[PDB]
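Report on the structure given below.
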Amino acid sequence: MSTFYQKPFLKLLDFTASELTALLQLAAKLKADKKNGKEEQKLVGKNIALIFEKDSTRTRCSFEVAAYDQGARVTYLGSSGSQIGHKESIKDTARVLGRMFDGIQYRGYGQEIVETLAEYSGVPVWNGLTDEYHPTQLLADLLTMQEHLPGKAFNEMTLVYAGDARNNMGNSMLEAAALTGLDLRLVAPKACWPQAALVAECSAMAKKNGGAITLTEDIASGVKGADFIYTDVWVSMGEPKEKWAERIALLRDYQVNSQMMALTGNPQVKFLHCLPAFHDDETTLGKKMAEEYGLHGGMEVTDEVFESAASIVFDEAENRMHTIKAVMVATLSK
Amino acid sequence: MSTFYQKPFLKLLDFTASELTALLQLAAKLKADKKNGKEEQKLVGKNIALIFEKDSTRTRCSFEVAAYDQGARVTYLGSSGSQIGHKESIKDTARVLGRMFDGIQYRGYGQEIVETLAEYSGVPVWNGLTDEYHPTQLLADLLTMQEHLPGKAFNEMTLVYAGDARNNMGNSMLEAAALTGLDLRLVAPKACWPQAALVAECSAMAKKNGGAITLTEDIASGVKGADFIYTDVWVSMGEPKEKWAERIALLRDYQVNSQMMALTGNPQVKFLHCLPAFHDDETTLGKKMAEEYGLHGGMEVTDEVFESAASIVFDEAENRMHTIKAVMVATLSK
Amino acid sequence: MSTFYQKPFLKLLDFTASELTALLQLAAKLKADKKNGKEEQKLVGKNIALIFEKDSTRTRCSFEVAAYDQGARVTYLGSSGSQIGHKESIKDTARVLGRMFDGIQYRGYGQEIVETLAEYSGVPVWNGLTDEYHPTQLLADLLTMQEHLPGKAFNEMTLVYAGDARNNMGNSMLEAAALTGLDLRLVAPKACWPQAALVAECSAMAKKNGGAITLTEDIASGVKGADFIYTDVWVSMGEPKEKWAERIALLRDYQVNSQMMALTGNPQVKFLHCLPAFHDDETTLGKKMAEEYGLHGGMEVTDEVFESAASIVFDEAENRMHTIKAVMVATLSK
């Protein structure tokens, strides 16, 4: 645990399995302490900056609550202005921020941006999200998996990412398998697989640690034995709207529905999903896409799965805050 | 007072007259305590979310100061992003926020949004403003009226809303008359009256409580005997600009000016107005509208009334903060 | 020091040389105390408003950290909404804010706006930046100059502003020379000189205080003997892009480079610059301007000077926070 003090948190592969175990134990302690009304503040007098170049309105909440609970003050710097590196270089920005703040949370674009912030600020920099990795969500998922399979090592678990696994969360799961020996199934069309070189590197590491990484288009063999099925949205705003039709055509067979859950053969399989999810007609955008592409009842997951007892998405969402807090406490307090 | 603990505050009609009296007494105590330098913080360790879908830059101030004074921390989520229910359903948003925050203040659109937040968050949700009601402003006005008519019950007071009463504040005043027995005069062109069914319902209730609700186009009989004349702006950005000419033509006879104040026959009549007000040429928009529609000297209220000794608009504005604070304290602290 | 209590800070000329000396001593004490882990909070329970009509995303950081360190709470009101005086008059806004907040920091447009805020709010108002002055940056520069020339009075120092001195910082330096007896050199094309009347007024004052103000196009005589060379960007977004070519043509001879530094004849000359600076190709805008106008290697300052041992820009940037804090402490705490 002492190995975290004054260090950044830029991706999971910068840490050992034992360090990850200690971090998740801290998150679980902080969660229990707050639930029981006995949280001990370790960050009184610390000032934290949130550099959120990529942002939704709600994104800041888990980070602010984590800091506030621990006694720190927060300065939120959102995506309304220009990007970092537009008017001022990343190195210059890092040097200025590092004299003002005790810690910096980053959410944005290329991994090199957060590496430069970490190198030149002189204070812990925590990667919430980059193009390459989604460490904040990964930690939240890992804690949630432990809570719902108590007393199991990660190398005893099987996790499925269904749908479009070619993104920063797919990469973070590859890292998790590499480090912890997780049995990881990326169940996806071949065009939606993470890059082969990173897959090959993490697969060699995972093997050494008692795990395995499988990429397959076949849903029945892919999800068999799963303890958890994770998915996320199939289309994003920014990727051109005229590509949505072919992407949806490719991905709609990979919808997490009651059939896919039953194909695991595991009555205790649980469902995960980085929020927001398009699972019904109760959003303007979800209702439009359901009508335009024929997806009433839910897109990447059905309303039935999303609201089922197997769905643990709101525990997962809450656990973002507890694991963010563990990172801040472990790196800022001795 | 104990009846408020862990409850939402969604509209005045959810409360009894006695509960309202106790709430306003708490606001007056908190105001006195702060003025005398002896405020006791009841909200240390509480995290409050401000979900302000409809916002002006200044709107957050009264809510943040109220929370800060009481020791709470605040996360402001403004109207720059997408609306709630665009990308994530209201129910999903409520469930996530309710695990993070101890209380949620909402300012936005339909009343059903704030009802859903209240139902699914599991924490107190306070309605600052919806399409239907303006509870935060109503409480501020009621406290201000008590302060300027000490020792009078609301059923001993006469309040006039002059101008366009067809809006959320008109509805909140109908509720206030229904509940407290206020003598309420909506002095307005018939096209600018609140909906007849809500008027009829509140009129039956008001009668039972010793009050009365009058809707009239006649200014002389409408304002006679008034203790307070309230008004607000006649045109809003969003309503189409080409409708302004007919609206102003309809409403300009209802300007609160020295003549209307004298027609009350009450030398102690006071003037109220939810800020901002267009009362002179010292705003870019007010100066343009004054020139375009012939309203130099003030629109819905003249500069003379606005700056007169009868004007209590800045006491009213300050009392937003004290009454907001009373709602937060009454619902979050036992 | 007692003369600051409950006063605004609108421009340097509102203060005496002795008051400025005491303010900078307070800033140096607060800086030392924080570095040594023994800061004593003087602003617990104070609520401060940041009215930043002109804003970059990073601008709020120094003000928030200063307030947070001292125990105050902050409400940031940014430039995303409409300007003050668009929908509500400055006087009305000042009266409302002054009942809510203990102090108000302003960054924006005309000096009359901040004067009106100060006059009608009833609480200390601090001018961070207006069209006419840049007091926050001036105080940071003065502290930085003292730190790098310990035991020297300002009337023993020579400061150069190279480049376009016709702006709010040039005006603030004229005031500093007027008040402290600084030897101030504005080394600039004649079209980029501050207004003659303000120059003549401050020159009369500076003479009385043992200083001098020189405006010259001649770089060799202008910078000779300098203790410090300050500069800032040559072109701003808002000024029309088609004027950039002639402005750059006029200003590029005034680039702070190794040659200009050597022309001082002073091996210990230091370099200052209100950040951000365009000193290399590591910003999108800087790289485009370097390519379009032939300025690879740096615009108003070369990368070599900017990264040299003589460059003290990051000490200067940090000292914004310590001097802001001194203003808040001196005016809010007895």
Side-chain angles (χ1 to χ4, degrees), chain B residues 31 34-35 37-39 41 50 52 55-74 76 78-81 233 236 273 275-289 298 303 306-307 311 313-322 324-325, chain C residues 43-55 57 60 64 67-68 70-110 112-113 115-117 119-123 334:
Chain B
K31 180 177 184 177
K34 186 179 188 177
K35 190 187 198 308
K38 44 163 49 169
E39 174 151 24
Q41 298 185 316
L50 305 183
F52 283 14
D55 188 86
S56 291
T57 306
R58 179 164 70 71
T59 309
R60 75 195 72 168
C61 290
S62 292
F63 304 85
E64 296 199 3
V65 171
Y68 288 159
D69 281 348
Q70 279 293 310
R73 312 297 270 280
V74 172
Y76 168 78
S79 51
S80 297
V233 297
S236 301
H273 189 318
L275 295 179
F278 292 117
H279 60 89
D280 62 18
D281 271 15
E282 306 273 26
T283 66
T284 60
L285 197 64
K287 175 178 178 164
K288 178 191 79 76
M289 283 191 297
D303 195 63
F306 187 90
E307 301 293 345
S311 176
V313 300
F314 295 102
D315 289 340
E316 175 188 17
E318 179 195 339
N319 281 345
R320 292 173 50 80
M321 186 280 282
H322 303 297
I324 290 158
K325 185 188 292 180
Chain C
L43 305 183
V44 172
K46 298 298 182 205
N47 297 314
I48 289 169
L50 305 183
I51 307 295
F52 283 14
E53 302 214 86
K54 294 224 315 187
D55 188 86
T57 306
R60 75 195 72 168
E64 296 199 3
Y68 288 159
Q70 279 293 310
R73 312 297 270 280
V74 172
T75 297
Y76 168 78
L77 308 167
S79 51
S80 297
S82 44
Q83 289 188 30
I84 296 198
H86 183 84
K87 215 177 174 210
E88 180 169 69
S89 78
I90 318 301
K91 294 181 190 173
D92 287 0
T93 294
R95 284 180 277 196
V96 173
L97 291 181
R99 300 212 189 183
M100 302 279 88
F101 290 101
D102 302 293
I104 299 160
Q105 187 91 45
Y106 179 80
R107 279 186 109 255
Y109 298 102
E112 189 59 26
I113 297 172
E115 296 283 334
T116 304
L117 290 178
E119 178 173 5
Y120 290 96
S121 66
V123 299
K334 200 159 44 184

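As a basis for the values below, the full set of heavy atoms in this structure was taken, side chains included, without hydrogen atoms, waters or symmetry mates. We name chains A, B, ... by the order of the sequence lines, and we start the count at 1 in each one.
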Shortest non-hydrogen separation from C:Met100 to B:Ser62 and the atoms involved: SD-OG, 3.6 Å
Between B:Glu64 and C:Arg73 (salt bridge meaning N to carboxylate O under 4.0 Å), is one present in this structure? no
Output the distance between atom OG1 (B:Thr57) and atom OH (C:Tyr76), rounded to the nearest 0.5 Å. 9.5 Å
Check whether B:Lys34 gets within reach of chain C through its side chain, its backbone, both or neither, counting any heavy atom under 4.5 Å. side chain
Which one wins on heavy-atom pair count under 4.5 Å against chain C: B:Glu39, B:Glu318, B:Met321? B:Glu318
Nearest atoms (heavy-atom pairs only) where C:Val96 meets B:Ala317: CG2-CB, 4.2 Å
Heavy atoms only: give me the nearest C:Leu97-B:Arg58 pair and the separation to one decimal. CD2-CD, 4.4 Å
So, for B:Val65 and C:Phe101, which heavy atoms are closest and what is the spacing to 0.1 Å? CG2-CE2, 3.6 Å
Is any NZ, NE, NH1 or NH2 atom of the basic residue among B:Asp315 and C:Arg99 found under 4.0 Å from an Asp or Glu carboxylate oxygen of the other? yes
Return the minimal non-hydrogen interatomic distance between B:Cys61 and C:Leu77, and the atom names on each side. SG-CD1, 3.6 Å
Is any side-chain heavy atom of C:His86 closer than 4.5 Å to a side-chain heavy atom of B:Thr284? yes
Which bit of C:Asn47 is near chain B, if near means a heavy-atom gap under 4.5 Å: side chain, backbone, both or neither? side chain
Part of B:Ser79 lying under 4.5 Å from any heavy atom of chain C: neither
Side chain to side chain contact (heavy atoms under 4.5 Å, CB included) filter on B:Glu282, not counting sequence neighbours, yields B:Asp280, C:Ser89
With a 4.5 angstrom heavy-atom cut-off, is it the side chain or the backbone of B:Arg60 that approaches chain C, or both, or neither? side chain
Under a 4.5 Å heavy-atom cut-off, does chain B meet the side chain of C:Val74, its backbone, both or neither? backbone
Interface moiety of B:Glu307 toward chain C, non-hydrogen atoms closer than 4.5 Å: side chain
Quick one: ring-ring contact (aromatic ring centres under 6.0 Å, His included) partners of B:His279, sequence neighbours excluded? B:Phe306
Measuring from C:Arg95:CZ to B:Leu275:CG, what's the distance to the nearest 0.5 Å? 9.5 Å
Which atoms form the tightest heavy-atom contact between B:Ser56 and C:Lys87, and what is the distance? OG-NZ, 3.9 Å
